[PDB]
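Next up: a single chain in structure tokens, the form deposited in one PDB entry.
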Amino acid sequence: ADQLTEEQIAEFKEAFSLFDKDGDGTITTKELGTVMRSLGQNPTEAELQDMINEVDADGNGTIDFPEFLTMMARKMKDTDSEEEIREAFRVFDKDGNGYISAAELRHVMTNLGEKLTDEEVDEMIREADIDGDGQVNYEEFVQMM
């Protein structure tokens, strides 16, 4: 129910590496800012510290994998403001048409430094797609969060 499996853990660990650019096992504010800006955002140094802070359970300044996994376990359960998820959707939906295509996901992942085959891309779409049109619309993006 509320339980992440062995493979769900491995997928989160993989995701964690997107943010941990140097693979030292911690996300710094600097690494967060570079991810944020690669997604069209522009947080300030203080905003980046606030972000880290909501997640930084041990107060050491960085996010390790356990802290990341904790935040993700929790975010899987909770519901966000319509406009928090709307802003997230807009990063993927580059042409504003209301549908995240495989190409748009490929663009976002590439800009994030990620090496994706289009069987890996189609499969990501496959998981989020509810109606079967081969794209991700807003409703399906919501349900996914």
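The numbering used is simple: start at 1 and walk along the sequence shown.
The same protein also has a form deposited in another entry, omitted here; what follows describes it.
For the motion between this form and the one not shown, the hinge, where fit shifts from one rigid part to the other, lands on 79 out of 33, 94, 79, 121. In the other form, the CA atoms of residue 69 and residue 82 come closer by at least 3 angstroms compared with the shown structure.
Relative to this form, in the other form the C-alpha atoms of residue 82 and residue 11 approach one another by 3 angstroms or more.
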